[PDB]
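This document contains two forms of one protein chain, each encoded as structure tokens and listed individually as structure 1 and structure 2.
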Structure 1
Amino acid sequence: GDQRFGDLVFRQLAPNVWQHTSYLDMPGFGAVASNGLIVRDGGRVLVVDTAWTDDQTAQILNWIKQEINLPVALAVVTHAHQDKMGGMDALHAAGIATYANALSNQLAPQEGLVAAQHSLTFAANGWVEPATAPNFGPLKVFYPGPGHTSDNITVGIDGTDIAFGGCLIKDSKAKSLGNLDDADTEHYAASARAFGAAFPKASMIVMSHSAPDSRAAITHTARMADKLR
């Protein structure tokens, strides 16, 4: 989106929404982008996903201070992998309340990650139990079922055409589903489709590892995941 701050990139997606992007050198893959979101809700800022590292995550907070200059109220993190929860310490150090799927917090220690302070639980229909997501504002949080990981969750932003698939969703031209080490091969395809069904009005699909795409990204992803079963 062209805003470069330190080693991160910030792209405005809507008047109150930005994508944050951080990079990690992974031999044999290159310098790998990971995307999250920043949302302004009135007088506060909400964050979706950390950067890969604590330092990068501190940089996200520095950008927010400089460009928005409102307090960060809370952060929700999609799953227990380094690109989504690598920077938990920086959020906690800043006094930011953090939230994750209960299962993500249970998985975090063995993954070498810090758990969020708070656990989300999910209803029958996959939607977050409201009582476990206080003050989430426009963030609508949905568990689509196991896919990229057992614990992967997704987030739509109310008042926008934006839904965030995290690492569940790949772009419409992706040549693979990327990392499948912790993937649920049987359930991935249905979980990807369920994400689309939860946010039917979303025309902009934000994801971890490619620039924002149309709903064709969901279509393409589920079709790749089909070949896993």
Structure 2
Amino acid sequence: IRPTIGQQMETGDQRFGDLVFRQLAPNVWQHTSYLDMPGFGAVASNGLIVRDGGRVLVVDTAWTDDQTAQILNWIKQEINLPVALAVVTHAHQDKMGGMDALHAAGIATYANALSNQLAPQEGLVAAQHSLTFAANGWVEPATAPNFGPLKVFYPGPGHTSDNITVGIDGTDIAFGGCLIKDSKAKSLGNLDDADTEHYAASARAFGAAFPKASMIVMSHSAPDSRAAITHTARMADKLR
């Protein structure tokens, strides 16, 4: 039950197969999957599940196809509405490891064009659709058709050059993915593929994109305050 990296079990977490689901809002769930790193233990990765009327929107895969299938299973059981689309927040295993499971389920997948271009080099499957972004980082609306409350924002390079973020419009929830670390984080996680020059501005950009989101959901920590953004940014300031 207990990851080395990620939030531990708390009451109101629902354990379903190998995954954990935490209701954040009437219409928003966090999905948590665990990659058993040999010798390091389980690494939690969080995405989101959003009910938008008669359809469900997914943010990020699990680490694996098998885990992402369990997410669909959980959605089927708990919401029992079709998954309209998945948005995946950059081309790394924690965010796009389960693309095949979404595709096999006939779920329309969207990623940053650059994530799609990077997917093959990262041993991953591209999303079937490419999000492009304006100079101010907002998704080009035509590339994000019928996204409902998923408000996609490319904050700039940080965790990766392709990392994107998702505000859940009509909620106080914004999703920073692996760009954002919790307010008590000692580390910015894996900086291997990171843009250390732009990280801070990108963390802040995310904050300013979703100025009214009080609940910040991220890949490897329990949903947190805006302090997650500000702390991530302050840590990122040291990188320059």
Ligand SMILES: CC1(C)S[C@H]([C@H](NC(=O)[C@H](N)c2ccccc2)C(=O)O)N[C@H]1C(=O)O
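Rigid core here is just the name for the largest C-alpha set that superposes within 1.5 Å across the two forms. Numbering runs along the sequence of structure 1, starting at 1.
Of the two forms shown, the form deposited with the ligand bound is structure 2.
Core-superposed comparison between structures 1 and 2: the CA of residue 30 exceeds or equals a 2 Å shift. Relative to the superposed core, residue 170 moves its CA by 0.2 Å between structures 1 and 2. Its Cα shifted by 1.0 Å between structures 1 and 2, residue 125 is reported here after superposition on the rigid core.
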